[PDB]
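Protein chains in written order, with the entry's author numbering: chain 0K, 145 to 221; chain 1B, 1681 to 1733; chain Be, 1 to 431; chain Bf, 1 to 37, 46 to 438; chain Af, 1 to 37, 46 to 438; chain 0B, 153 to 202.
Don't be surprised by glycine CBs; every beta carbon is placed ideally from N, CA and C.
Input: a single structure, listed below in structure tokens.
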Amino acid sequence: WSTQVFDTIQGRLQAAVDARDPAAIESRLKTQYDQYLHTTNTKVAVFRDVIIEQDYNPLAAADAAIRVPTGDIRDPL
Amino acid sequence: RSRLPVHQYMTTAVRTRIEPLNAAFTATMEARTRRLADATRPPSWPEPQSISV
Amino acid sequence: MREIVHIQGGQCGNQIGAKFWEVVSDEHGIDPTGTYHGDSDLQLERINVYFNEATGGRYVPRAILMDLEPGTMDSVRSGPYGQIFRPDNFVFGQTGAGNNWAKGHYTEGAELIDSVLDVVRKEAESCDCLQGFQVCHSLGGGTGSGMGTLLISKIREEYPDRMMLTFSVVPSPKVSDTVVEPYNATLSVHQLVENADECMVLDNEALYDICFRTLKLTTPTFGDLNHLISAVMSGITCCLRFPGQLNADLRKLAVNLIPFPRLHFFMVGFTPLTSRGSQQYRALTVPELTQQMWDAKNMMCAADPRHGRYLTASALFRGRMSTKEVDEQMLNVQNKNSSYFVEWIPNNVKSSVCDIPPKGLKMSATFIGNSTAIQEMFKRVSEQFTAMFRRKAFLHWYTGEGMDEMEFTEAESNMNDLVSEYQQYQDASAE
Amino acid sequence: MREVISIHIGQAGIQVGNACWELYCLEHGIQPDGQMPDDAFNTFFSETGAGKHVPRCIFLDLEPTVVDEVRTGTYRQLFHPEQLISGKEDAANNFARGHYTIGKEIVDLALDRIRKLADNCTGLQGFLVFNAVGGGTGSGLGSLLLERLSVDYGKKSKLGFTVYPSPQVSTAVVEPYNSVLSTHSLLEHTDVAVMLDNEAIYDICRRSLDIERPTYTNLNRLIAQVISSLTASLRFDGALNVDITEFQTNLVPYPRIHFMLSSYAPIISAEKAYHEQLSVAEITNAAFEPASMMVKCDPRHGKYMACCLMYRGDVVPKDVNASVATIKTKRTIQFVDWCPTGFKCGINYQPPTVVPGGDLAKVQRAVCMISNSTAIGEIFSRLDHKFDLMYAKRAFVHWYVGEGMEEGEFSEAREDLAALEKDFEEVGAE
Amino acid sequence: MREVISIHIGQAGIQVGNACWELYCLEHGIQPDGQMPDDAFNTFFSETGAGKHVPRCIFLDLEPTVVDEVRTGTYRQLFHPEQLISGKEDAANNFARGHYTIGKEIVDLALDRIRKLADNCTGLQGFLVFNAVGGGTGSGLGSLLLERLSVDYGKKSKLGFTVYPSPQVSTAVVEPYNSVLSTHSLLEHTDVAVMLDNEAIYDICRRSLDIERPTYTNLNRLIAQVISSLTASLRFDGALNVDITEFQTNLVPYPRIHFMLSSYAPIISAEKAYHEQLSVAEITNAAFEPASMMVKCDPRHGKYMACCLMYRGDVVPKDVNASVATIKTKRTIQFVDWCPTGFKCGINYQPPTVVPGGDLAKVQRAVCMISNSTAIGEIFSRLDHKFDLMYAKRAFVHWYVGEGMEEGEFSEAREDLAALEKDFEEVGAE
Amino acid sequence: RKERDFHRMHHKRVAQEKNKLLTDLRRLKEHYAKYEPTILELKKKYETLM
Ligand SMILES: Nc1nc2c(ncn2[C@@H]2O[C@H](COP(=O)(O)OP(=O)(O)OP(=O)(O)O)[C@@H](O)[C@H]2O)c(=O)[nH]1
Ligand SMILES: Nc1nc2c(ncn2[C@@H]2O[C@H](COP(=O)(O)OP(=O)(O)OP(=O)(O)O)[C@@H](O)[C@H]2O)c(=O)[nH]1
Ligand SMILES: Nc1nc2c(ncn2[C@@H]2O[C@H](COP(=O)(O)OP(=O)(O)O)[C@@H](O)[C@H]2O)c(=O)[nH]1
């Protein structure tokens, strides 16, 4: 189970989290948080599930996330 | 890079609270230290070989 | 004169057991002070099955309460029927298990298990003849599941031949209470497969669905679900306590229900569960009770029987009825739904009749079905356990309580093997 | 039996402790003199020979003014005189001053009194450290005390309710500096760290309470209500009892990821009260609203890892189950793939008591939602450049160096926070 | 179970909604404070645990005066304070101002409150949007809100009770401009739009109510009675129940053609009351009279496509069928060849309640006729040349351009209204 | 596949029965290792008596 599932998934998590440069992460989170700050300061209120997804689209942050594929499992067999 | 894996990093509070987790953290530190030695060792120079005709 | 040792484990198990003892005392006419006030000879005829006679006329339940935190059994003692139990039967720790099966089975259950087994042995040795033990608890919790599995293993070692009955509240499919429920359930199922001889699977969400669709309740607290479970727990053993036209003890039910020993998980149901509104509009007939009994909504288990195949099914009726009526009704059900019943078993019905119905109901019927449908429940628990276990989230606590990480692989493998048994005996062909 | 030791370090710690202990006294009926006219106070109070109840709290500060305010105020006869510990010189917003030079004797006396308090407890659920990340007393002395407690006490669960600097508005200049230092300190010493931001609480007061002029007393009242809702299950019985030790087991997927957003609901004044249904589903939705969060951090940016709900009042398991099912089905709230449940619901039969003179209304239902989410790395990204921007010029670095710190210590703290950023990205990732 | 969300945009919408909610409170017995001394109110109000009933309404305006009039008036404790939404700068009769520059944040908050209101409704029959076509607030902001509602809610039946500029009399100058803009905007979003004209309602008040000085209050009271008659089938049971979803299928022949004339009967003062029999046939004839139309549009010019009649009070199906048969046999009333039935009759056992201080008399029978007819294209013909006469010189175009308009938008609106004229002529012709 | 499933369940049920026999053997072995020290002690007393 370790080698087939957990070792594979952790190896694919690495070389992706490792590949992501810390400066790029800081800049990405900064653009996101400054967009949220700007919409908070300009607009009277901020609502979830109500956004215009034009001036501020928070879900882009979730889009810019590491995705890892799947292989096979021995325990479930 | 080579950051310690998330599921395996025991904070000092957790290590103090749970001794087996502290032992596991020490074991993982020992393993990571050991991993460097094999790489540093020059794996070349195979054994002398006797052929015959 | 065939005694049963009741054990309650965890908060959910303790609450359900308290409700069950309240129901049993109501059936036997025992007031919360222990004196008999039932005005019926049959009630005192077999009162020794659940109770022992005290120094006076008081009757003390043969119940043992376990916990790692004192608050739950403090509430139980403050409850309406908290004073019947013997104080020596209340075994508690001081720090509750943080929904950690490892804490409830290895670290904090280890010290209390000695006292638990001491009280269990004291209660068992007093019994002239022992049918077995019944443990009421909830899968998906720390102290409940952990101490339940540990005590079940200990009692299995001590009394291999005695019956072991379990009422496990499996974590619900859709809405889950705690995060580590799949972990706890996966660890508990491995022990329950090996040790417990006979097991009932219950779901909070299945109970909610039945209480809104049949009972049509508005604000069902946990007490109502506990009441339904208590009704099932009484009806499963009413044959031991009351004379029956065709009686059947726990071992008879197990023999007629369990085709292969590892396939001992059963879904239960109680009939007639009728809404307050339709009490007059419904008519109490054996065909009515059978129709409600075989409905998918009547199962207290989330898995619907329709997807799987019924390996076996027992029906314990209570009340003055015609055995011809019961047998014809259940044979008709089998013929009508033969596709849903296993072919290589000519009769999938174990019908038993008791002559004493529960109070208020002219007649009742409890259903215990071993069907391959629970395969999907175990599959869902695996789909959650694998999702967490692939990243080892929440795993470091269990690793730190002194259980090896290989034990999780063991438990998941065993549960998946059980899933394989259910599927292959679902798709097995005769000849 | 369920005792919890409360520590309040720094001005902010002591001022939120004033509100917290006022709230507990009002909840348990304890008069400010010390005594009340079963045993539900044992979690916070120990009763003495006269029947007087003394809180198991310790007010630590290097500045005498804040503590003397308590010594003179209405709660002068309640707290223990030696429990109020006062220094001579303030930390002056210097982490080095509060952790290296002045804080030594004060923290030694603090451990002495903490040992005396712990010897008065049969059991000990853990510690509740209330300080202010962003000041020398709060950061340095609090970090030192956390280190000492981790060394000696060991397995006691230490919950740090830290108040972090607001993103844009702030009152200190070296606040990023000592905040990063204290964050590095408590990343390994606290068990569950709760983030609080004054800007977010100000926004909550401005919108939900309609207070155009919020102040520290208002902020501390909301914080006290949050903490009391957190601990309510220890002191009062209810369906789905929740525990201090199981906060971790249900909340901390990995030990590093133990920083937690907090959100209270409802936050409504008396005039707006009894005007809406305030049902369980609505208050849960409000608790998951971004505005209700007490930290200036959009939850939509990250993905929730775990959410522990503490309900107070007339809440039924059906209502909590249906509300959480609706939240899960909701598309905006996004959870990680590796935590399918990610929810820990716990109800209490005791509704939240209302402090007279406050703005919060008497609501029969209340929710305290404490969430471990990867979005919180975003405020850490803010502080991480607020730090390094000044650290490039080494501004105010001589002030910290003078009291026995090194450039290596700042570098190590900033590097540890960068490692925490990497950790947040990895755990958010699949 | 039959909840309908009421929206009031602009001064005219809010002022007619004042009368609407006064009428609803008087009909249901709900005192203006909020609570009343079964479940017939659920269509318009949600009741709280304390017993206070709050209307499911939203008062939207960019001007503070109209909303503050409600906030100070008798209905200050009834409506939800956050439901009353007030802007800062008025739209200045500019569609671009109300739809593109000022209206964005206001409509965002409006959708938020609309979502909150709809989440409190088990069922949702639809929306009742009350605005005034011909003003920047009503036209632009209303169009934006309708577009957003169509995008998110989708198939919910939106009934736009629009007040269109009168043929000759008017109070604005750019009213044809923003009327054309709003008509183009709402041609594709609202499901049933009801036309109302101030000139026609003034004539109704003058001839029938004998009011030589009609005012906005009387106009709004008449509109409120019409809407209450329309919605009476949702709240009160009776023979031939009529539903909001039934309105569209029984009234809208083609998706483009969804504008409706409205006419109430009887409109008689108390002095002239009880001086005629007011039988079902007579009131039906009065409702079908061209003078009774609330739009300055002679029905004799066009042909009726559908006529939905709502009867309130002591009306029997025999009487209604005799009246409608007489109407059909009448030569003056002309229906299209392809709609032989053309009638949607409904009765209700609840007579229309009389507002104290109003001019309407307590009549035991009432008819609300809502008709889809091709004659309504006449008003579109009027506004189409009122538009182009100004547009040839591009008068007042720079004002709209200043808030982000182009000549292309005006051209598109004009072309779409010409297409609407063409569709009216096409459906009218055999 | 039908033949494979048939042989699978035969083999598995036989293995399960073997495991059950092993558990029973463990139980009897413990139950009589309980008795054996008494025999040893009686042997010691017997030898001392001679
Ligand atoms: N929310 C909240 N924050 C507070 C309150 N009082 C102080 N703070 C915060 O606490 C920070 C400084 O606290 P302290 O470090 O304890 O100040 P001090 O007591 O003089 O100690 P030093 O500044 O370290 O010398 C400030 O940045 C404030 O933002 C309060 O009442 N409520
Ligand atoms: N039926 C009716 N119509 C009204 C009433 N009051 C105003 N109107 C009409 O409403 C039109 C304009 O409404 P609004 O756009 O809301 O006026 P506003 O609130 O100042 O907003 P802007 O004019 O766009 O800045 C006018 O042309 C009037 O004809 C009223 O009380 N009843
Ligand atoms: N039917 C029923 N279920 C309960 C009750 N209380 C808790 N549960 C459920 O039981 C599950 C397991 O909790 P449990 O094992 O008792 O927690 P523990 O005692 O700390 O181990 C939880 O997910 C609850 O949803 C109750 O009174 N009745």
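Could you check if residue i is buried or exposed, using at least 16 other CB atoms within 10 Å of its CB as the buried criterion?
i	result
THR80 (chain Af)	exposed
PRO360 (chain Af)	buried
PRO173 (chain Bf)	buried
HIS406 (chain Af)	exposed
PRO364 (chain Af)	exposed
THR1713 (chain 1B)	exposed
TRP346 (chain Af)	exposed
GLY96 (chain Be)	buried
What is the DSSP secondary structure of residue i, counted as helix, strand or coil?
i	result
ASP33 (chain Bf)	coil
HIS88 (chain Af)	coil
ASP205 (chain Bf)	strand
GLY146 (chain Af)	helix
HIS8 (chain Bf)	strand
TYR310 (chain Be)	strand
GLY436 (chain Af)	helix
Quick one: which chain 0K residues come within Cβ less than 8 Å of residue i?
i	result
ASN416 (chain Be)	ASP219, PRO220 and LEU221
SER413 (chain Be)	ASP219
Apart from the five residues on each side of it in sequence, which residues of its chain come closer than 8 Å, Cβ to Cβ, to residue i?
i	result
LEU425 (chain Af)	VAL188, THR191, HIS192, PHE388, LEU391, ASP392 and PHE395
Would you kindly work out how many angstroms separate the C-alpha atoms of residue i and residue j, rounded to a whole number?
i	j	result
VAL193 (chain Be)	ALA48 (chain Af)	57 Å
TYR81 (chain Be)	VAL135 (chain Be)	19 Å
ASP207 (chain 0K)	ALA383 (chain Bf)	13 Å
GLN15 (chain Be)	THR166 (chain Be)	15 Å
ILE47 (chain Be)	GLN426 (chain Be)	41 Å
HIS28 (chain Af)	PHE317 (chain Be)	54 Å
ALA427 (chain Af)	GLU420 (chain Af)	10 Å
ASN139 (chain Bf)	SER54 (chain Bf)	23 Å
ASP431 (chain Af)	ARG264 (chain Af)	8 Å
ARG165 (chain 0B)	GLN424 (chain Be)	12 Å
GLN1688 (chain 1B)	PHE1705 (chain 1B)	7 Å
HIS266 (chain Bf)	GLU434 (chain Bf)	15 Å
Apart from the five residues on each side of it in sequence, which residues of its chain come closer than 7 Å, Cβ to Cβ, to residue i?
i	result
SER275 (chain Be)	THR214, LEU215 and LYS216
Just the chain 1B side, please: which residues come within less than 7 Å of residue i by C-beta, in chain order?
i	result
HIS107 (chain Bf)	None at all; the shortest Cβ gap to chain 1B is about 16 Å.
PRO263 (chain Bf)	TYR1689, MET1690, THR1691 and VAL1694
In chain order, what residues of the same chain have a beta carbon less than 6 Å from the beta carbon of residue i, not counting five sequence neighbours either side?
i	result
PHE103 (chain Bf)	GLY144, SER147, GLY148, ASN186 and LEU189
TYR408 (chain Bf)	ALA104
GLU27 (chain Be)	none
List the residues of chain Be that residue i touches, going by C-beta distances under 9 Å, in chain order.
i	result
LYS197 (chain 0B)	By Cβ distance, chain Be contributes nothing, its closest Cβ being about 30 Å from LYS197 (chain 0B), past 9 Å.
Could you work out which residues of chain 1B lie near residue i, taking near to mean beta carbons separated by less than 8 Å?
i	result
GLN154 (chain 0K)	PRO1685
How would you list, in chain order, the residues of chain Af whose beta-carbon sits under 8 Å from the beta-carbon of residue i?
i	result
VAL194 (chain 0K)	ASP116, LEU119, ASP120 and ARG123
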